[PDB]
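Engineer: So that we are looking at the same thing, I have put the structure below in structure tokens.
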Amino acid sequence: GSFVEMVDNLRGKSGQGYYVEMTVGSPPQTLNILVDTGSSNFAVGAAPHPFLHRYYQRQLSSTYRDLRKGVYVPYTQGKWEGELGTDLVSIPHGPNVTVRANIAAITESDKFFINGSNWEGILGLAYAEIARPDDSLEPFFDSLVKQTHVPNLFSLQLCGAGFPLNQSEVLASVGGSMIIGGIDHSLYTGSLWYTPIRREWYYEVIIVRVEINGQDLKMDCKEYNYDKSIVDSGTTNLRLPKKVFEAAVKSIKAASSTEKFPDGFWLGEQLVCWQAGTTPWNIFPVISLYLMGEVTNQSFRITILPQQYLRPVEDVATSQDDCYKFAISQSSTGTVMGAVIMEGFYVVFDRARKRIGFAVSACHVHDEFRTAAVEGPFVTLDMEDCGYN
Ligand SMILES: C[C@@H]1C[C@H]1CNC(=O)[C@@H]1C[C@H]1[C@]12COC[C@H]1CSC(N)=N2
């Protein structure tokens, strides 16, 4: 019910990532690590880089083991090379356990580390199927569960501030909670609703309906999950398949049409600013994603506000204006429920029961008139048909 040792153990923000403190090696080396539900490698900076203030020094760890194998990891935007090994790993604000885990020691990288992000490595929390270089490299959470009595479950509360944080404020500020092995009831309101994990690779789910201000987007539900839909704390935006993105943007523009925004805003590139305190939240629609439920022919919905999908940013000029970027963008690799949508919800990664739970976050940003919601049930037929093959 209560996991006080782990509450408030995250820092960061949607634009640069949420991270947890970890230690690696003997004696322990402290590093800040991105929480990434959309990948499956534990990978840490292990050599000097301009954007790293510290890195893993394998030669100073008595418990370091060399696996004598390189890994080359190219992403769409960014890449790194590293060397595989194992070492003892702990999470200080975590379960009181130490485990031996695989670590990819990053020795070279391009456009991977983010200037000012305050993290030095990534904790891939998804499944072995998508680990690099192959599925034989046991992910961290798998090791944790196998080596300890920690329950096979974790839960994430990512806390968006609702305003920009300077790098001073972002260091001093609590960014949320990763509860390892449990569900903390203080982090949510109302009921938890669960959707099945379709397959254990990414945290893949099935979206069965989409509404903008209650209006059905009315696409074939396969389009919403083309070629998959995942829950991904290591992606900033809500990302939608091209066709869904075009339909959603058209509907959001129509709902918000009392104000005209430039193409660059809708493309997620350009900020828009309002006089301090005057952001017209009410002109922007709510977005509801309906997810397959655990009961046959049953769905539920999660509803987010513009306070979720408009990401606060600092003005390019010097001002007291309230400024934002549109944090919904197109994808060619399926739907990605990124950090901006996770900030609305307490999300339970129930690996043991192959399901993901959603509840309204106790730290979601809202106004006096509307809140994020998790509601059900709804009768929905032929939901397995919504899955892309
Ligand atoms: C939210 C935060 C600001 C973003 C930066 N994200 C990353 O650097 C994530 C670790 C890197 C990766 C690792 O595999 C693919 C790559 C992109 S998508 C994903 N979930 N993880």
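Here, A, B, ... name the chains of the structure tokens in the order displayed, residue numbers run from 1 inside each chain, and ligands are numbered from 1 in the same displayed order.
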Produce as a PDB file with N, CA and C atoms, in the first residue's frame the set of residues near ligand 1, where near means within 10 Å with only C-alpha atoms and all ligand atoms considered.

Structural biologist:
ATOM      1  N   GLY A  12      13.508  15.193 -13.144  1.00  0.00           N
ATOM      2  CA  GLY A  12      13.554  15.448 -14.575  1.00  0.00           C
ATOM      3  C   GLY A  12      12.225  16.006 -15.058  1.00  0.00           C
ATOM      4  N   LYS A  13      11.996  15.880 -16.378  1.00  0.00           N
ATOM      5  CA  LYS A  13      10.853  16.503 -17.041  1.00  0.00           C
ATOM      6  C   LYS A  13      10.661  15.831 -18.395  1.00  0.00           C
ATOM      7  N   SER A  14       9.504  16.074 -19.035  1.00  0.00           N
ATOM      8  CA  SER A  14       9.146  15.308 -20.224  1.00  0.00           C
ATOM      9  C   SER A  14      10.130  15.533 -21.374  1.00  0.00           C
ATOM     10  N   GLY A  15      10.657  16.762 -21.488  1.00  0.00           N
ATOM     11  CA  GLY A  15      11.483  17.131 -22.630  1.00  0.00           C
ATOM     12  C   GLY A  15      12.883  16.518 -22.589  1.00  0.00           C
ATOM     13  N   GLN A  16      13.358  16.141 -21.395  1.00  0.00           N
ATOM     14  CA  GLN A  16      14.729  15.649 -21.263  1.00  0.00           C
ATOM     15  C   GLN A  16      14.794  14.273 -20.600  1.00  0.00           C
ATOM     16  N   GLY A  17      13.668  13.821 -20.036  1.00  0.00           N
ATOM     17  CA  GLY A  17      13.589  12.498 -19.437  1.00  0.00           C
ATOM     18  C   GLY A  17      13.508  12.546 -17.909  1.00  0.00           C
ATOM     19  N   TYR A  18      12.936  11.480 -17.331  1.00  0.00           N
ATOM     20  CA  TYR A  18      12.902  11.267 -15.888  1.00  0.00           C
ATOM     21  C   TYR A  18      13.951  10.223 -15.505  1.00  0.00           C
ATOM     22  N   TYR A  19      14.674  10.483 -14.402  1.00  0.00           N
ATOM     23  CA  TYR A  19      15.785   9.618 -14.026  1.00  0.00           C
ATOM     24  C   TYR A  19      15.750   9.274 -12.536  1.00  0.00           C
ATOM     25  N   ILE A  33      20.122   7.776 -13.870  1.00  0.00           N
ATOM     26  CA  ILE A  33      19.798   6.877 -14.971  1.00  0.00           C
ATOM     27  C   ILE A  33      18.373   7.129 -15.480  1.00  0.00           C
ATOM     28  N   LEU A  34      18.222   7.376 -16.791  1.00  0.00           N
ATOM     29  CA  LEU A  34      16.907   7.547 -17.406  1.00  0.00           C
ATOM     30  C   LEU A  34      16.040   6.305 -17.213  1.00  0.00           C
ATOM     31  N   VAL A  35      14.793   6.510 -16.763  1.00  0.00           N
ATOM     32  CA  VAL A  35      13.815   5.433 -16.701  1.00  0.00           C
ATOM     33  C   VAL A  35      13.164   5.299 -18.079  1.00  0.00           C
ATOM     34  N   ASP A  36      13.399   4.155 -18.765  1.00  0.00           N
ATOM     35  CA  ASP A  36      13.016   3.975 -20.159  1.00  0.00           C
ATOM     36  C   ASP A  36      12.235   2.674 -20.345  1.00  0.00           C
ATOM     37  N   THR A  37      10.904   2.779 -20.406  1.00  0.00           N
ATOM     38  CA  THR A  37      10.066   1.599 -20.598  1.00  0.00           C
ATOM     39  C   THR A  37      10.029   1.182 -22.071  1.00  0.00           C
ATOM     40  N   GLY A  38      10.719   1.915 -22.959  1.00  0.00           N
ATOM     41  CA  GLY A  38      10.666   1.588 -24.384  1.00  0.00           C
ATOM     42  C   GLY A  38      11.942   0.938 -24.917  1.00  0.00           C
ATOM     43  N   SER A  39      12.821   0.468 -24.018  1.00  0.00           N
ATOM     44  CA  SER A  39      14.020  -0.270 -24.423  1.00  0.00           C
ATOM     45  C   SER A  39      14.396  -1.247 -23.314  1.00  0.00           C
ATOM     46  N   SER A  40      15.423  -2.089 -23.551  1.00  0.00           N
ATOM     47  CA  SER A  40      15.639  -3.234 -22.675  1.00  0.00           C
ATOM     48  C   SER A  40      17.098  -3.400 -22.247  1.00  0.00           C
ATOM     49  N   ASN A  41      17.953  -2.408 -22.535  1.00  0.00           N
ATOM     50  CA  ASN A  41      19.348  -2.454 -22.107  1.00  0.00           C
ATOM     51  C   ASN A  41      19.596  -1.478 -20.961  1.00  0.00           C
ATOM     52  N   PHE A  42      20.405  -1.919 -19.986  1.00  0.00           N
ATOM     53  CA  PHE A  42      20.995  -1.004 -19.019  1.00  0.00           C
ATOM     54  C   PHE A  42      22.332  -0.532 -19.593  1.00  0.00           C
ATOM     55  N   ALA A  43      22.407   0.754 -19.946  1.00  0.00           N
ATOM     56  CA  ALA A  43      23.568   1.262 -20.657  1.00  0.00           C
ATOM     57  C   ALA A  43      23.996   2.562 -19.996  1.00  0.00           C
ATOM     58  N   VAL A  73      24.715   0.345 -31.262  1.00  0.00           N
ATOM     59  CA  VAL A  73      23.301   0.618 -31.070  1.00  0.00           C
ATOM     60  C   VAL A  73      22.949   1.891 -31.842  1.00  0.00           C
ATOM     61  N   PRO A  74      22.460   1.779 -33.099  1.00  0.00           N
ATOM     62  CA  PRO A  74      21.986   2.950 -33.842  1.00  0.00           C
ATOM     63  C   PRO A  74      20.481   3.148 -33.660  1.00  0.00           C
ATOM     64  N   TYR A  75      20.086   4.373 -33.292  1.00  0.00           N
ATOM     65  CA  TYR A  75      18.681   4.745 -33.207  1.00  0.00           C
ATOM     66  C   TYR A  75      18.337   5.618 -34.413  1.00  0.00           C
ATOM     67  N   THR A  76      17.056   5.981 -34.548  1.00  0.00           N
ATOM     68  CA  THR A  76      16.632   6.942 -35.556  1.00  0.00           C
ATOM     69  C   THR A  76      17.393   8.258 -35.383  1.00  0.00           C
ATOM     70  N   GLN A  77      17.367   8.812 -34.164  1.00  0.00           N
ATOM     71  CA  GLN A  77      18.074  10.037 -33.826  1.00  0.00           C
ATOM     72  C   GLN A  77      19.079   9.735 -32.715  1.00  0.00           C
ATOM     73  N   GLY A  78      20.313   9.417 -33.115  1.00  0.00           N
ATOM     74  CA  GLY A  78      21.392   9.158 -32.173  1.00  0.00           C
ATOM     75  C   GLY A  78      21.916   7.725 -32.267  1.00  0.00           C
ATOM     76  N   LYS A  79      23.117   7.502 -31.726  1.00  0.00           N
ATOM     77  CA  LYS A  79      23.724   6.178 -31.691  1.00  0.00           C
ATOM     78  C   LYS A  79      24.776   6.118 -30.585  1.00  0.00           C
ATOM     79  N   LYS A 111      24.811  12.208 -30.463  1.00  0.00           N
ATOM     80  CA  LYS A 111      23.485  12.779 -30.260  1.00  0.00           C
ATOM     81  C   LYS A 111      22.640  11.877 -29.357  1.00  0.00           C
ATOM     82  N   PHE A 112      23.263  11.312 -28.315  1.00  0.00           N
ATOM     83  CA  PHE A 112      22.563  10.437 -27.386  1.00  0.00           C
ATOM     84  C   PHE A 112      22.393  11.140 -26.042  1.00  0.00           C
ATOM     85  N   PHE A 113      23.528  11.521 -25.446  1.00  0.00           N
ATOM     86  CA  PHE A 113      23.521  12.314 -24.233  1.00  0.00           C
ATOM     87  C   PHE A 113      22.982  13.700 -24.560  1.00  0.00           C
ATOM     88  N   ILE A 114      22.182  14.231 -23.631  1.00  0.00           N
ATOM     89  CA  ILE A 114      21.455  15.480 -23.802  1.00  0.00           C
ATOM     90  C   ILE A 114      22.081  16.481 -22.841  1.00  0.00           C
ATOM     91  N   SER A 117      20.554  17.355 -19.147  1.00  0.00           N
ATOM     92  CA  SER A 117      19.519  16.393 -18.756  1.00  0.00           C
ATOM     93  C   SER A 117      19.748  15.826 -17.350  1.00  0.00           C
ATOM     94  N   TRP A 119      21.279  13.115 -16.654  1.00  0.00           N
ATOM     95  CA  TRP A 119      21.428  11.659 -16.592  1.00  0.00           C
ATOM     96  C   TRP A 119      22.629  11.181 -17.408  1.00  0.00           C
ATOM     97  N   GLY A 121      23.085   7.597 -18.066  1.00  0.00           N
ATOM     98  CA  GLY A 121      22.835   6.265 -18.596  1.00  0.00           C
ATOM     99  C   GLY A 121      21.332   6.018 -18.661  1.00  0.00           C
ATOM    100  N   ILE A 122      20.930   4.848 -19.172  1.00  0.00           N
ATOM    101  CA  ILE A 122      19.512   4.548 -19.381  1.00  0.00           C
ATOM    102  C   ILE A 122      19.221   3.163 -18.812  1.00  0.00           C
ATOM    103  N   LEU A 123      18.034   3.034 -18.205  1.00  0.00           N
ATOM    104  CA  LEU A 123      17.553   1.777 -17.650  1.00  0.00           C
ATOM    105  C   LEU A 123      16.390   1.308 -18.512  1.00  0.00           C
ATOM    106  N   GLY A 124      16.697   0.386 -19.430  1.00  0.00           N
ATOM    107  CA  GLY A 124      15.685  -0.202 -20.285  1.00  0.00           C
ATOM    108  C   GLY A 124      14.854  -1.227 -19.516  1.00  0.00           C
ATOM    109  N   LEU A 125      13.563  -0.918 -19.334  1.00  0.00           N
ATOM    110  CA  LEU A 125      12.708  -1.698 -18.455  1.00  0.00           C
ATOM    111  C   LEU A 125      11.804  -2.654 -19.233  1.00  0.00           C
ATOM    112  N   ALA A 126      11.918  -2.667 -20.567  1.00  0.00           N
ATOM    113  CA  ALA A 126      11.115  -3.584 -21.373  1.00  0.00           C
ATOM    114  C   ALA A 126      11.778  -4.970 -21.430  1.00  0.00           C
ATOM    115  N   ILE A 130      13.698  -7.418 -27.201  1.00  0.00           N
ATOM    116  CA  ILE A 130      14.217  -6.258 -27.914  1.00  0.00           C
ATOM    117  C   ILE A 130      15.553  -5.778 -27.319  1.00  0.00           C
ATOM    118  N   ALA A 131      16.179  -6.591 -26.449  1.00  0.00           N
ATOM    119  CA  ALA A 131      17.513  -6.260 -25.960  1.00  0.00           C
ATOM    120  C   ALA A 131      18.540  -6.373 -27.087  1.00  0.00           C
ATOM    121  N   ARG A 132      19.598  -5.551 -27.005  1.00  0.00           N
ATOM    122  CA  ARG A 132      20.733  -5.638 -27.919  1.00  0.00           C
ATOM    123  C   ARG A 132      21.936  -6.231 -27.180  1.00  0.00           C
ATOM    124  N   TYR A 202       8.159  -4.768 -26.390  1.00  0.00           N
ATOM    125  CA  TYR A 202       7.774  -3.500 -25.789  1.00  0.00           C
ATOM    126  C   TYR A 202       6.633  -3.758 -24.802  1.00  0.00           C
ATOM    127  N   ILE A 230       2.573   1.351 -27.883  1.00  0.00           N
ATOM    128  CA  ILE A 230       3.420   1.038 -26.731  1.00  0.00           C
ATOM    129  C   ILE A 230       3.326   2.154 -25.692  1.00  0.00           C
ATOM    130  N   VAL A 231       3.684   1.804 -24.446  1.00  0.00           N
ATOM    131  CA  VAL A 231       3.823   2.781 -23.369  1.00  0.00           C
ATOM    132  C   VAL A 231       5.315   2.999 -23.127  1.00  0.00           C
ATOM    133  N   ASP A 232       5.799   4.249 -23.305  1.00  0.00           N
ATOM    134  CA  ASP A 232       7.228   4.522 -23.437  1.00  0.00           C
ATOM    135  C   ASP A 232       7.651   5.793 -22.694  1.00  0.00           C
ATOM    136  N   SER A 233       8.187   5.619 -21.476  1.00  0.00           N
ATOM    137  CA  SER A 233       8.667   6.745 -20.672  1.00  0.00           C
ATOM    138  C   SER A 233       9.905   7.417 -21.261  1.00  0.00           C
ATOM    139  N   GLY A 234      10.570   6.801 -22.259  1.00  0.00           N
ATOM    140  CA  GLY A 234      11.771   7.381 -22.857  1.00  0.00           C
ATOM    141  C   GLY A 234      11.499   8.165 -24.151  1.00  0.00           C
ATOM    142  N   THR A 235      10.210   8.413 -24.430  1.00  0.00           N
ATOM    143  CA  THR A 235       9.784   9.275 -25.526  1.00  0.00           C
ATOM    144  C   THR A 235       9.028  10.452 -24.907  1.00  0.00           C
ATOM    145  N   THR A 236       9.319  11.678 -25.358  1.00  0.00           N
ATOM    146  CA  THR A 236       8.642  12.854 -24.826  1.00  0.00           C
ATOM    147  C   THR A 236       7.150  12.855 -25.186  1.00  0.00           C
ATOM    148  N   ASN A 237       6.842  12.720 -26.486  1.00  0.00           N
ATOM    149  CA  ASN A 237       5.530  13.087 -27.013  1.00  0.00           C
ATOM    150  C   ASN A 237       4.545  11.919 -26.991  1.00  0.00           C
ATOM    151  N   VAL A 336       3.009   5.849 -29.756  1.00  0.00           N
ATOM    152  CA  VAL A 336       3.861   5.860 -28.571  1.00  0.00           C
ATOM    153  C   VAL A 336       3.215   6.742 -27.507  1.00  0.00           C
ATOM    154  N   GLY A 338       4.009   8.461 -24.783  1.00  0.00           N
ATOM    155  CA  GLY A 338       5.228   8.974 -24.185  1.00  0.00           C
ATOM    156  C   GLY A 338       4.984   9.687 -22.859  1.00  0.00           C
ATOM    157  N   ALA A 339       6.018  10.409 -22.404  1.00  0.00           N
ATOM    158  CA  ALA A 339       6.052  11.003 -21.076  1.00  0.00           C
ATOM    159  C   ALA A 339       4.906  11.996 -20.887  1.00  0.00           C
ATOM    160  N   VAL A 340       4.549  12.779 -21.931  1.00  0.00           N
ATOM    161  CA  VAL A 340       3.509  13.788 -21.722  1.00  0.00           C
ATOM    162  C   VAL A 340       2.160  13.142 -21.397  1.00  0.00           C
TER     163      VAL A 340
END

Engineer: Extract, using only C-alpha atoms, all DNA, RNA and protein residues at most 10 Å from residue 369 (chain A), discarding same-chain residues fewer than 2 positions from it, and format them as JSON, numbers by chain.

Structural biologist: {"A": [281, 282, 366, 367, 371]}

Engineer: Deliver the residues from the most recent selection as a file, using N, CA, C and O atoms, as a compact mmCIF listing (two decimals), in the first residue's frame.

Structural biologist:
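Contents of the output file part-v2.txt:
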# COMPACT_ATOMS: atom_id res chain seq x y z
N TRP A 281 -6.77 27.27 -21.95
CA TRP A 281 -6.94 25.83 -21.87
C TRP A 281 -8.28 25.38 -22.44
O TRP A 281 -8.34 24.36 -23.12
N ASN A 282 -9.35 26.13 -22.11
CA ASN A 282 -10.71 25.73 -22.42
C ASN A 282 -10.97 25.64 -23.92
O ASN A 282 -11.93 24.97 -24.30
N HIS A 366 -3.95 20.27 -13.99
CA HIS A 366 -5.31 20.48 -14.48
C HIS A 366 -5.74 21.90 -14.14
O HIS A 366 -4.93 22.71 -13.71
N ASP A 367 -7.03 22.21 -14.38
CA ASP A 367 -7.58 23.50 -14.00
C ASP A 367 -8.82 23.27 -13.14
O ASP A 367 -9.15 22.13 -12.81
N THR A 371 -10.42 17.72 -15.27
CA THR A 371 -9.30 16.90 -14.81
C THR A 371 -9.11 15.74 -15.78
O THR A 371 -10.01 15.39 -16.56

Engineer: Go through region 67-92 of chain A residue by residue and, counting only C-alpha atoms, keep those with an atom at most 12 Å from region 138-144 of chain A; for each kept residue give the shortest atom pair and its distance in Å to one decimal, ordered by chain and increasing number, as CSV.

Structural biologist:
residue,atom,partner,partner_atom,distance
A:84,CA,A:138,CA,11.6
A:85,CA,A:138,CA,11.6
A:86,CA,A:140,CA,10.5
A:87,CA,A:140,CA,11.2
A:88,CA,A:144,CA,10.9
A:89,CA,A:140,CA,9.2
A:90,CA,A:144,CA,9.6
A:91,CA,A:144,CA,10.7

Engineer: Keeping only N, CA, C and O atoms, write those residues as a compact mmCIF listing (two decimals), in the first residue's frame.

Structural biologist:
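What landed in again.txt:
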# COMPACT_ATOMS: atom_id res chain seq x y z
N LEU A 84 30.09 -4.83 -23.39
CA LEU A 84 29.23 -5.52 -22.43
C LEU A 84 30.04 -6.06 -21.26
O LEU A 84 31.16 -6.54 -21.42
N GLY A 85 29.44 -5.98 -20.08
CA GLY A 85 30.00 -6.52 -18.86
C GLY A 85 28.90 -6.72 -17.82
O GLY A 85 27.73 -6.51 -18.13
N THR A 86 29.30 -7.15 -16.62
CA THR A 86 28.35 -7.23 -15.52
C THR A 86 28.98 -6.59 -14.28
O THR A 86 30.20 -6.45 -14.20
N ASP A 87 28.13 -6.21 -13.32
CA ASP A 87 28.61 -5.64 -12.08
C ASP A 87 27.45 -5.64 -11.09
O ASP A 87 26.32 -5.95 -11.47
N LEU A 88 27.77 -5.33 -9.84
CA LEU A 88 26.76 -5.17 -8.81
C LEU A 88 26.10 -3.80 -8.95
O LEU A 88 26.77 -2.79 -9.18
N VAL A 89 24.77 -3.81 -8.82
CA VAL A 89 23.94 -2.64 -9.06
C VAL A 89 22.94 -2.51 -7.92
O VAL A 89 22.35 -3.51 -7.51
N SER A 90 22.73 -1.27 -7.46
CA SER A 90 21.72 -0.97 -6.46
C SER A 90 20.94 0.27 -6.88
O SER A 90 21.43 1.05 -7.71
N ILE A 91 19.75 0.43 -6.31
CA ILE A 91 18.97 1.65 -6.44
C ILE A 91 18.80 2.21 -5.02
O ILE A 91 18.01 1.66 -4.24

Engineer: Got a sec: who's within 6 Å of residue 197 (chain A), counting only C-alpha atoms, leaving out chain neighbours fewer than 6 positions off, as a list in words?

Structural biologist: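 Result of the neighbour search: residues 204, 205, 354 and 355 of chain A.
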
Engineer: Could you list, as an MDAnalysis selection string, every residue within 7 Å of residue 1 (chain A), counting only C-alpha atoms and ignoring same-chain residues fewer than 4 positions away?

Structural biologist: chainID A and resid 183:185

Engineer: Output N, CA, C and O atoms for every residue in that selection, as an mmCIF file, in the first residue's frame.

Structural biologist:
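As a result, again.cif now contains:
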data_model
loop_
_atom_site.group_PDB
_atom_site.id
_atom_site.type_symbol
_atom_site.label_atom_id
_atom_site.label_comp_id
_atom_site.auth_asym_id
_atom_site.auth_seq_id
_atom_site.Cartn_x
_atom_site.Cartn_y
_atom_site.Cartn_z
ATOM 1 N N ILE A 183 2.622 -1.070 -5.736
ATOM 2 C CA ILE A 183 1.681 -0.008 -6.082
ATOM 3 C C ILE A 183 1.494 0.844 -4.825
ATOM 4 O O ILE A 183 1.091 0.329 -3.778
ATOM 5 N N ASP A 184 1.801 2.142 -4.927
ATOM 6 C CA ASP A 184 1.622 3.041 -3.793
ATOM 7 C C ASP A 184 0.308 3.808 -3.944
ATOM 8 O O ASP A 184 0.163 4.609 -4.867
ATOM 9 N N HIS A 185 -0.620 3.607 -2.995
ATOM 10 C CA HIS A 185 -1.968 4.156 -3.116
ATOM 11 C C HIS A 185 -2.007 5.687 -3.018
ATOM 12 O O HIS A 185 -2.985 6.283 -3.465
#
